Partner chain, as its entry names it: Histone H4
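One chain is shown next in C-alpha cells, namely the form deposited without the partner chain.
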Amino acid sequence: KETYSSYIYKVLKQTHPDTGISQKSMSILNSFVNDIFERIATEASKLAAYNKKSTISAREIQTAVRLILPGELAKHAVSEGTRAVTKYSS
C-alpha cells in the first residue's frame, strides 16, 4: 500500500517523459518519501511544543526542513514550499 507511487510516476513523466520505472524502484522511492515525511513531521512536532504552539504550521515545517535537509537541498526545498503556499493562498 504505497501512498506516493502513482504520484512519483507522474513526476517522472514530467521530468523524463520517455523514461520508465519498475514497480520495485517506485517502492524504494515511496519508502524514501515516507521517511523524509516522518523525519520532517517529527522535527516539526518538536519545534511546535518548544514554542508552546498547539498547531503545526508552514512555519514549523519550514524550520524542520532546514534542520533535516542538507545545505542546498534545503535551500531549494524552502523555496519550493514557499511557492506552493504562495500559489495555494492566492
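Positions refer to the first chain, counted from 1.
key: Of 47-55 and 29-37, the one with larger mean CA B-factor   = Per the deposited B-factors, the answer is 47-55.
key: Of 16-24 and 78-86, the one with larger mean CA B-factor   = Stretch with the greater average CA B-factor: 16-24.
Keep in mind that the form deposited with the partner chain bound is not shown, yet the notes after this line are about it.
inquiry  = Within 4.5 Å of the partner chain in the bound PDB entry, counting any non-hydrogen atom, which residues from 52-90 show up?
reply    = In sequence order, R59, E60, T63, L67, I68 come within 4.5 Å of the partner.
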